[PDB]
Amino acid sequence: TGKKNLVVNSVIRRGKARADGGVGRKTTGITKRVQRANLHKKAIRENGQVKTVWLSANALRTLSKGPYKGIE
Amino acid sequence: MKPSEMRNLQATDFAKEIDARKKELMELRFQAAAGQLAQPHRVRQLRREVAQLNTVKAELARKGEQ
Amino acid sequence: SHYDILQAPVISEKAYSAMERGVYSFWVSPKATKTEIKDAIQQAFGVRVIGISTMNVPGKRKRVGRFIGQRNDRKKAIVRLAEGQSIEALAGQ
Amino acid sequence: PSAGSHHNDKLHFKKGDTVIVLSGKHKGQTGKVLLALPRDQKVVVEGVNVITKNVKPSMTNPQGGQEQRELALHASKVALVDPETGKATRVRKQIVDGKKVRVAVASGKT
RNA sequence: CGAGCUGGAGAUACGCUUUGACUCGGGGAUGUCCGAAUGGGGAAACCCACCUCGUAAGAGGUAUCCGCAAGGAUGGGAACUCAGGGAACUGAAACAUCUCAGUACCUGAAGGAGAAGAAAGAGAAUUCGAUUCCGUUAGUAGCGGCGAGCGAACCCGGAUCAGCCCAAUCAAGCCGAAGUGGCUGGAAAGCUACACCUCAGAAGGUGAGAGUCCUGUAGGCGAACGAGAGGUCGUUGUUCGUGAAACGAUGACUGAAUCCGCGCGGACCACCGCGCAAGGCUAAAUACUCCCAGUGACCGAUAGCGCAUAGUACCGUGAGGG
RNA sequence: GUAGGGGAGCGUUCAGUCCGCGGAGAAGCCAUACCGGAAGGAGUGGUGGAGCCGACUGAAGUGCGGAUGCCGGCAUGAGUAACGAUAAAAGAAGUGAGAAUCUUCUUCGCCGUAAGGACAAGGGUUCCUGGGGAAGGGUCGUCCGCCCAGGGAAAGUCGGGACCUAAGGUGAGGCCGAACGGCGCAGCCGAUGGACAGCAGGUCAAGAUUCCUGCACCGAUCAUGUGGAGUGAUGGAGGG
Ligand SMILES: [Mg+2]
Ligand SMILES: [Mg+2]
Ligand SMILES: [Mg+2]
């Protein structure tokens, strides 16, 4: 989980074959289709006073610049 | 028993009108077990009294302070 | 107070033939720690107690009716006053 | 088991009134009410009688034979009567006991 | 409310009832122990403490989370609602796509309803104009190992119909018309002969079949006081399974403008056109049904709920079955 | 004339409507040599004790011997095999409506590291007394571990708790996690282990280091005296 917004939770992953032909081969034969997820990272930050909290890149980025309610 | 001649008394008397019945209510309860309880109702009555002997007392607990 | 708690006198014969020696026994309440009870009695019959002894007791009966039974649970208690024998007269019963 | 509700645990009379057993046996017979069991629709009126044998086993010197007792009935008797014949009830009001209401038929008493 | 009552129990004894019991309505007061359970422990209903108020008996506080503070939260709800996670059997006469399905199940949150909602919309008329629900359009457009099979929306009819705000009568209950004789019978409300009521001939009961015996019904009354941003990669949703495939969505990298400004109108461009996103709250029509009343070309005891009552007996270590 | 197609009808419930029927007696049951082309229908009698035929039309959980079908009742095997260790039993006497089978006596036989005795766990009242005599007891039963009622269980020191800790459990504040949740120091719970004050007898029908009798020990609180001064932690060490 992250600072500004939750995150994690993701969706399926496909893998076809016959992949790409004359402007089109015959087509795309899918051979996969399953399921995955994606997470992030963190570094100690803190508001009100000291803390640590999980901090997502896109957050540590946006926060590294103009601070929003929370301070790097 | 219940009318303005029940509350009529002292809070302590209420107790006296309590701690005395359950003193009868005992000797009664004994009798029974010992066989001779010929006042089955007495029990229920004496009991019913104690009820009142508190409900009232309790009615005061809000009238004179809210 | 005092008059509270006790539940009734233990009739039976042993109890009775236990009385002839100034040992009175009656049924107190299940929850009634040996002290409270020691107290109560004293102040209901006016008298001390040199010794006390108490233990719990189950019930489960019936006559019939597919209604089996069910315990009823009691707590006989047995006391012993000081040489100043007797209690009221609810002894010589 | 339903029971005496079809009516409405309401005895169209008092355990003291006089009544005529209309319908059933003992038609027209009359007597003072004695037991008014509203719930069950039971009425004990000196009218009907029975001679029952008391089941008195080791009942301190048995000698049990056959008593004469009254056996209760239902709405098989029409409460109160004044024209000497059964009568509905309708014209009430009050007395010096406006603290109450009466009843009456063609006539007006009870 | 007016003779009875003393629970089912069918029994005896004691008794209680006009200074109107009982019973029915409607508020209070009591409400041991366990249970979110929360003084601490705990193999539920037990075992042990402490502080304060105190006649001692006895009273009360002693949990964690938000908040100065009031005050709010933890739990429990048959089904209905949304959300996070999400099968397989099965079909395709095999099978990996696809189908079965985002169903079943798990979990979180909530209410009596929810969800949704006031346009960077849908549509091709320079039209409509929040959301939702029923009809239809249509099994049309389309999706599809273009196989099995899956399947819209606009328009139009109808339920109902609001947009507002930020940031820069139902319950208790009371009153309530009108018949007798004779006959059959164990008993008549049946037969028979005369009679009555009818804004009450709905219904149940009464020794067999009841307008006029009882309870009722039509109709009338009826209370202290009680309710009502763009993109690239990976993927995905909508008919959208990669296809020329838009748009929406987001995990990862990036990263704009602002009126001679911005988005979209299914790649893409111009032209034409509709709308102004990154803040929010919102009745109502919608769903279900533990509970209640009414009804039934529904059952009437191997039927009907499992139960004319029992989740009991009985079976299982248990979930559970019954 | 088999699979199959087509035709006309019988019967069962429920519903609407018509004609009715019934306590001097409905439905259902039972018997029968009648009737109709069948499915089926009627008459009469018996039973029964309250609802019920016939006709037209409508709707059906609508018609049975089969499914190792389902529930229930009753048969066959048949009075057959069994009566659950080959540690035997005999007599007398007693009770009783009735006893091989109960009680008493006197013998016999079997176990005796047990088939004796004391606990644990587990079960609960099964214990004792008086009654009982359906069913249970593989047979009798006057008896029972069965049925009914009453009684019985007594602890400052025995076990446990108000003390301790092991595995393990839990766990403020901490580390992780789609949810639920997963881990986790101190602390806490946690015996099966540690620690800790009594013995000898008597004796209810039925209890005993619990009650009584004799004598004892431990802690606590107070008073008295002695004393005449420190007392000594959630910490250290020793020890357990
Ligand atoms: Mg039957
Ligand atoms: Mg039930
Ligand atoms: Mg068969």
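This entry, as listed in the PDB, derives from X-ray crystallography and reports a resolution of 2.91 Å.

Caption draft 1: Looking closely at helix α2 (residues 34-45) of chain C. All names here are of chain C. Counted at 1.5 Å a residue, the expected span for α2 with its 12 residues is 16 Å, and the 17 Å between its end C-alpha atoms agrees. Those residues of α2 that fall on the buried side of the exposure criterion are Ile 37, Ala 40, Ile 41, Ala 44 and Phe 45. Taken around the axis of α2, the buried residues stretch over an arc of 100°, which confines them to a single face. Once α2 finishes, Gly 46 follows within two positions and takes phi at roughly 50°, a positive value.

Caption draft 2: Layout of a nonpolar patch on the surface. On the surface, D:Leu34, D:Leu35 and D:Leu37 cluster together into a nonpolar patch covering about 240 Å² of accessible area. Here D:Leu34 is to be found in strand β2 (residues 30-37).

Caption draft 3: The packing of aromatic side chains, seen in detail. Applying the stated criterion to the full structure yields one aromatic pair over all chains. Judged by centre distance (6.4 Å) and plane angle (35°), the rings of C:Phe26 and C:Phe45 are tilted. Pair noted here: C:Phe26 is in strand β2 (residues 25-28) and C:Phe45 is in helix α2, with a separation of 19 residues, a long-range link. The pair formed by C:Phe26 and C:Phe45 is uniform in burial state, with each residue classed as buried. The ring centre of A:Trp54 lies 3.0 Å from the NZ or CZ of A:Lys42, which sits over that ring.

Caption draft 4: Spatial organisation of unusual backbone geometry. Positive phi is not limited to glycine here, since C:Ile5 has a value of about 65°. The residue C:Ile5 is located in the segment before β1 (8-9) in this model. Judged by relative accessible area, C:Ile5 falls into the partly exposed class, the value being 29%. The backbone phi angle of D:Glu84 is positive, close to 80°, even though this residue is not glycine. Looking at the element boundaries, D:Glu84 is found in the segment after β6 (78-79).

Caption draft 5: A look at the protein's contact with RNA strand F. Residue and element names in this part refer to chain C. Not every one of the 21 residues close to RNA strand F is listed here, only the nearest: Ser 12, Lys 14, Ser 53, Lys 62 and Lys 76. Those atoms of RNA strand F that come within 4 Å of the protein belong to sugar or phosphate at a rate of 80%. In this structure, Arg 71 approaches RNA strand F through a side-chain N or O atom, which is 3.2 Å from a sugar or linking oxygen. Looking at the surface near RNA strand F, the elements with two or more residues in it are α1 (13-19), β3 (51-54) and β4 (75-80).

Caption draft 6: The arrangement of the arrangement of the chains in detail. Nothing in chain A touches chain B, and the closest approach of their C-alpha atoms is 45 Å. No part of chain B reaches chain D; the closest C-alpha pair between them is 20 Å apart.

Caption draft 7: Spotlight on the environment of C:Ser17. Residue and element names in this part refer to chain C. Structurally, the position occupied by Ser 17 is in helix α1. Sequence spacing of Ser 17 and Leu 90 is 73 residues, and the spatial spacing of their C-alpha atoms is 14 Å. Here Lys 14 takes part through its backbone oxygen, which lies 3.1 Å from a polar atom of the side chain of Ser 17.

Caption draft 8: Seen up close, the pattern of salt bridges. Here the structure, examined in full by the defined rule, presents nine salt bridges over all chains. Note that D:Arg69 and D:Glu67 form a salt bridge whose closest N and O atoms lie 2.3 Å from each other. Classification of D:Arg69 as partly exposed rests on a relative accessible area of 38%. When salt bridges that share partners are traced, they join A:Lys16, A:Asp20 and A:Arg25 into one network.

Caption draft 9: Structural detail: the protein's contact with RNA strand E. As a matter of local geometry, RNA strand E sits amid 48 residues, with A:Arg14, A:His40, D:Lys10, D:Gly24 and D:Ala36 nearest to it. Among all atoms of RNA strand E positioned within 4 Å of the protein, those belonging to sugar or phosphate total 82%. With respect to RNA strand E, the side chain of D:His6 contributes an N or O atom lying 2.6 Å from a sugar or linking oxygen. One nitrogen or oxygen atom from the main chain of D:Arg90 is found 2.7 Å from a phosphate oxygen belonging to RNA strand E. Among the secondary structure elements, those contributing two or more residues to the surface near RNA strand E are α1 (57-64) of chain A, α3 (40-60) of chain B together with β2 of chain D. Top contributing element to the surface near RNA strand E by residue count: α3(B), with five residues. Broken down by class, the residue content of the surface near RNA strand E amounts to 17 nonpolar, 17 polar and 14 charged.

Caption draft 10: Representation of α3(B) in the model. All names here are of chain B. Across its 21 residues, α3 extends 32 Å between first and last C-alpha, which sits within 8% of the 30 Å expected from 1.5 Å per residue. Restricting attention to buried positions, one finds in α3 the residues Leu 46, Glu 49, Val 50, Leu 53 and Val 56. Summarising the axial view, the buried residues of α3 lie within an arc of 135°, below the 170-degree limit, and thus occupy one face. Away from the buried face of α3 by more than 90 degrees, exposed residues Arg 44, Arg 47, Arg 48 and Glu 59 are located.

Caption draft 11: Region of the structure containing the sheet that holds β4(C). Residue and element names in this part refer to chain C. Strand order in the open sheet formed by four strands is β1-β2-β4-β3, and the pairing between neighbours is antiparallel. Bordering the open sheet on either side are β1 and β3, each of which pairs with just one other strand. By the bridge criterion, four bridges tie β3 to β4 in an arrangement that is antiparallel. When the sheet's bridge partners are listed, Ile 52 is paired in β4 with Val 79.

Cut-off values and rules
- Residues numbered from 1 in each chain as written, not as in the entry; some residues may be left out.
- Chains lettered and ligands numbered in written order.
- Part of a larger assembly, values for the part shown.
- Heavy atoms only, no water.
- Helix = DSSP H or I, 4+ residues; strand = E, 2+ residues; numbered from the N terminus.
- Expected span 1.5 Å × (residues − 1).
- Buried < 20%, exposed > 50% of the residue type's maximum accessible area, 1.4 Å probe, protein only.
- Arc of directions from axis to C-beta.
- Patch = residues over 30% accessible without salt bridge, like charges linked within 9 Å, V, L, I, M, F, W, Y side chains within 5 Å.
- Areas by Shrake-Rupley, 256 points an atom, 1.4 Å probe, with all protein chains shown as cover.
- Salt bridge = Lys/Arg side-chain N within 4 Å of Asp/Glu carboxyl O.
- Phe/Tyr/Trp six-rings, centres within 6.5 Å; stacked < 30°, edge-to-face > 60°.
- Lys NZ or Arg CZ within 6 Å of the ring centre and 35° of its normal.
- Near = heavy atom within 4 Å.
- Polar contact = N/O pair within 3.5 Å; in protein donor to acceptor, adjacent residues only side chain to side chain.
- Contact = heavy atoms within 4.5 Å.
- Nonpolar A, V, L, I, M, F, W, Y, C, P; charged D, E, K, R; others polar.
- Pairing = 2+ DSSP bridges.

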